[PDB]
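For the protein sequence lines, the chains are S, Y, D, A and B, in the order given. 2 is the number of the first residue of the first sequence in UniProt numbering; add one for each residue after it. 34 is the number of the first residue of the second sequence in UniProt numbering; add one for each residue after it. 11 is the number of the first residue of the third sequence in UniProt numbering; add one for each residue after it. 20 is the number of the first residue of the fourth sequence in UniProt numbering; add one for each residue after it. 1 is the number of the first residue of the fifth sequence in UniProt numbering; add one for each residue after it. Cβ atoms here follow ideal geometry from the backbone N, Cα and C, with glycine treated the same way.
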Amino acid sequence: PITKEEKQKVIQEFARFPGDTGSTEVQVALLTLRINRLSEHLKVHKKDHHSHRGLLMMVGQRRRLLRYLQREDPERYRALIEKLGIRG
Amino acid sequence: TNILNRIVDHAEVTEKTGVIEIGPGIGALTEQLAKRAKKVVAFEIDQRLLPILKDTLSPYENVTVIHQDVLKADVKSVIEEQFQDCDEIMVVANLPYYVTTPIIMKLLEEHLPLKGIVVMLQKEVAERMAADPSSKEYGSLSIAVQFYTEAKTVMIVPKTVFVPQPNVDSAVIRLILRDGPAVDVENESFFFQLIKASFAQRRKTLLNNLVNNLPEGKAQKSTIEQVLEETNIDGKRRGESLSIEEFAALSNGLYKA
Amino acid sequence: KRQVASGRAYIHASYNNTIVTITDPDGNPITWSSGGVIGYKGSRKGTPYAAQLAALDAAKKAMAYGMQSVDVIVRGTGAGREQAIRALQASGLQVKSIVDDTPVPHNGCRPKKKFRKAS
Amino acid sequence: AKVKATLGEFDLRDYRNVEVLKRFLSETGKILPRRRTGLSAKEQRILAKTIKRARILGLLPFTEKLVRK
Amino acid sequence: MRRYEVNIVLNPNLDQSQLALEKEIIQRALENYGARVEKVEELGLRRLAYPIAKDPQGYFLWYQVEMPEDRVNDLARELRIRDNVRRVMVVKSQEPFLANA
RNA sequence: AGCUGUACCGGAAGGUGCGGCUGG
RNA sequence: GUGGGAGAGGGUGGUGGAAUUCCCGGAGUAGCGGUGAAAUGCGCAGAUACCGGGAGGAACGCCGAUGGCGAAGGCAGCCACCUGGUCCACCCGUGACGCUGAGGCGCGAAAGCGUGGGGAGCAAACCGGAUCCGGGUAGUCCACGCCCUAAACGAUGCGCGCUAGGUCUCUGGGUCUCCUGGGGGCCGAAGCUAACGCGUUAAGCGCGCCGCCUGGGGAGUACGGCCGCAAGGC
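Right under this line is the structure:
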């Protein structure tokens, strides 16, 4: 499971400013971490259909946030996608 | 009632023809039958119901009553006893369903010189309908009842005649005994065994049926597959696709191997 | 012939039959009894009367071996359990302890059709 | 009377304190219903688990033999 | 890196030498997997409710360890290799919820 | 008790196996 | 985001006994076994009732509830690891980032199929008896692929807002006999309904989006197309 330390470091490494914990960037990064871990889980465990639903929700939710970020401000969107290594 | 007229019409009964009735009961069937045939002979078993039958058939004189079952009697004996000048014989039994199934076959493997039968069955088991290979209705029973005869259902019947009210619909099927076997047979026993082996598990593939159900089989995997190869039958084809000619050929193949 | 003088009794009381068997503390049986040995056949074997009889039959062939004190352990849910109990209790023997030992499954093997439909 | 009232303060999750656990067992090795034990829903549920744990360890009986008529 | 309790049930029919040997074997095995014992309690011999491996008696040891989770299963596999140990049970050490205030 | 998906009936005025529902 | 909670949610790796069957020893033996009644069947190479020692398979007795979890199908021995959903308190961050969803993609009780294993018990078809009982193959189990149906039902699509209460129960939090959230039921205001009934878990008052109906039978049938090895499904 995600322990406190790495999760934290994710928040304050992507923070727009000191004490930022709820921006689009932070949400997207946390979702990316969760998706990576869960995808590894499914890569090992093939016959777990239940968690696949959660994975689909995660992917959809992240996609919605990226859609919003792209619509609002393009350059920050591109910076984020490059920093996170989404879409290959 | 009055269905008797239409069944008799589908019996193609003539004056020259004689008739055997197995389940006459009250003789209502025999009643309307008498006005059409010169010779009518009825097998009867119910000691209770016989006296009421005896007096009721008094008006008609061409009737004959035999007091043993079709199972433990020589039909050929009766045919030679009474049908000396008669040209051919029909059968118009309308007896309870659970009794009819064995006796129809029994009349068939014995190969009496009788032409055909007109008989009441359940709709669902109408000699398993037309026995067209690719169907649910197709079966081992179908293979039996087309190896010896040509069958077709002339019509069906809802509602009721005798019973107060049934649940299922019924049909009437019409038969002609064929002169000979459909295709050449090396053995009857082996052929019938192969039929049961194929139809033991309907859903399973034909290859699996042959390997498992048939005795030995495990030691003859290569042999069975090879012989079915020369037979031009695909291994994964199911029993419900093979037809009479096919099974004949397969039976021929399996023997001598 | 054993002269153990003190053993344990086992009563298998089924729906269809009741069988009683006396044994040594070790667990080697010395004699039994059954509705069948009495002479009853068919349904009546299950009837408690045959229990009332094979009851003391055990006891007798046991006095025959010179046993005095007995432990009673009963199995099954036969109709003739309790009366068979009172019987080998007053067949002339000192009963120490009586226990019910009907073996129940811990949701294991699937029973007959007659024993399904349990909710 | 109910079992719960006629006791002292104890731990439920402790699968080793046998002499309190047996008092939650019948003459046969069965867990008493909520009626007989007078426990709340959650404590009964956790007690069942503790019973099973201690019972697997061999401290508690899978079954016992009732000595009666 | 979590805290666990380990229950060991072994053969009571041992002398000082054999039982001691078993103790250091178990200790070494437990130590090898990067575990750290905090408290060890030894409740000796308690009547068994039912026979285990044809013996109505057993010797119980209780360990309060704390160690990485991923290795836990492995440890449970290794502690069962000895013919003397009869039961092995590892559990998450959880808070003592108290009722009947 | 009835109904129902499915799978079979060479003693089929219907029968049985695996489930499911009360529209008992 | 921080701090916590409950739970038969799922997957993987293992072990705990009760019971049935079989095998190896002990002792004992005239019948066991079955129905309303009976009959097949097992036994002098000595059965059942009994004790001890092994083998193997499947399921998890009391707790167990009108209870809980999940989007459905569904999910209960115990432990460990990985993992999904959800709830409450703080009211800390982003500033509309939301709802629905034709097609697509995935899941989908049971029954059924293929490539291999396994097989204790039960059991279609089938073998016998008196006209329900005794055996018995597939199957029920595991791994990987297919099949995609149902009384798959709460016969009630999803999301949000408003509209009296009372009672029981599951699980949180507080200033603790009460107050405040989130679930599961029962009576009932107004209101709705053809009626039965529903009634803050609406079948009421409304808004948004999707699916479906146009009298019964013929008939979920015929032809065509798509899927599947086949049964068959849309």
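The DSSP assignment places 83–89 as complete runs of the alpha helix (DSSP H) inside the segment 69–107 of chain Y, in order along the chain (cut-off: 4 residues).
Annotated as distal: residue 63 of chain S and residue 82 of chain S, with beta-carbon spacing of 8 Å or more. Residue 174 of chain Y and residue 200 of chain Y have their alpha carbons spaced roughly 24 Å apart. In the DSSP assignment, residue 61 of chain B falls within the unbroken beta strand (DSSP E) covering 59–67.
Of the residues B:35, B:42 and B:98, the one whose Cα lies closest to the Cα of residue 69 of chain B is B:35.
Residue 286 of chain Y and residue 210 of chain Y have their alpha carbons spaced roughly 27 Å apart.
In the structure shown, residue 12 of chain S adopts helical secondary structure according to DSSP, grouped into three states. Within chain A, 77 have C-beta atoms less than 9 Å from the C-beta of residue 52 of chain B, given in sequence order. Within chain D, the C-beta atoms nearer than 7 Å to that of residue 84 of chain A come from 109 and 111, in chain order. C-alpha of residue 78 of chain S to C-alpha of residue 52 of chain S: approximately 29 Å in a straight line. Straight-line measurement puts the Cα of residue 37 of chain Y at about 29 Å from the Cα of residue 171 of chain Y. If you draw a straight line from the Cα of residue 63 of chain B to the Cα of residue 118 of chain D, it comes to about 35 Å.
When Cβ pairs closer than 8 Å are counted between the two stretches, the segment 66–80 of chain D is seen to touch the segment 40–48 of chain D, the count reaching three or more. Counting only runs of 4+ residues, the alpha helix (DSSP H) found wholly inside the segment 201–276 of chain Y occupies 221–231, 239–245 and 254–263, in chain order. Here residue 80 of chain S carries a helix assignment [DSSP, helix/strand/coil]. The secondary-structure analysis by DSSP pairs residue 29 of chain A across a beta bridge with B:99.
Contact between residue 44 of chain B and residue 9 of chain B fails: their C-beta atoms lie close to 12 Å from each other, not under 8 Å. Any Cβ of chain B closer than 8 Å to the Cβ of residue 88 of chain A would place that residue at the interface, and such an atom is absent. Judged by DSSP secondary structure, residue 57 of chain S falls within the alpha helix (DSSP H) whose first and last residues are 51–73. Counted as a single uninterrupted DSSP element, the alpha helix (DSSP H) harbouring residue 42 of chain S occupies residues 25–45. When Y:221, Y:249, Y:129 and Y:169 are compared, the shortest CA-CA separation from residue 143 of chain Y is found for Y:221. Under a 10 Å Cβ-count criterion, residue 242 of chain Y is classified as buried, with 16 or more other Cβ atoms of the shown protein chains found around its own Cβ. Of D:61, D:24 and D:31, the smallest CA-CA separation from residue 86 of chain D is found for D:24. Close partners of residue 29 of chain A in chain B (Cβ separation under 9 Å): 98, 99 and 100. Under the Cβ distance rule, residue 32 of chain A counts among the residues neighbouring chain B, one pair being separated by less than 8 Å. Going by DSSP, residue 16 of chain D is part of no alpha helix (DSSP H) but of the beta strand (DSSP E) stretching over 16–23. Taken through DSSP and simplified to helix, strand or coil, residue 29 of chain B comes out as helix. In this structure, the alpha-carbon of residue 48 of chain B lies about 33 Å from that of residue 121 of chain D.
The C-alpha of residue 38 of chain S lies about 9 Å from the C-alpha of residue 2 of chain S. With distances taken between CA atoms, residue 84 of chain D lies nearest to D:113 out of D:103, D:37 and D:113. Within chain B, the residues whose beta carbon sits less than 8 Å from that of residue 65 of chain A are 97, listed in sequence order. Looking at the backbone, the Cα of residue 18 of chain B and that of residue 27 of chain B are separated by about 14 Å. The three-state secondary structure of residue 115 of chain Y, taken from DSSP, is helix. Closest by C-alpha distance to residue 12 of chain B, out of B:86, B:100 and B:6, is B:86. Between residue 29 of chain D and residue 82 of chain D, the C-beta spacing is not below 8 Å.
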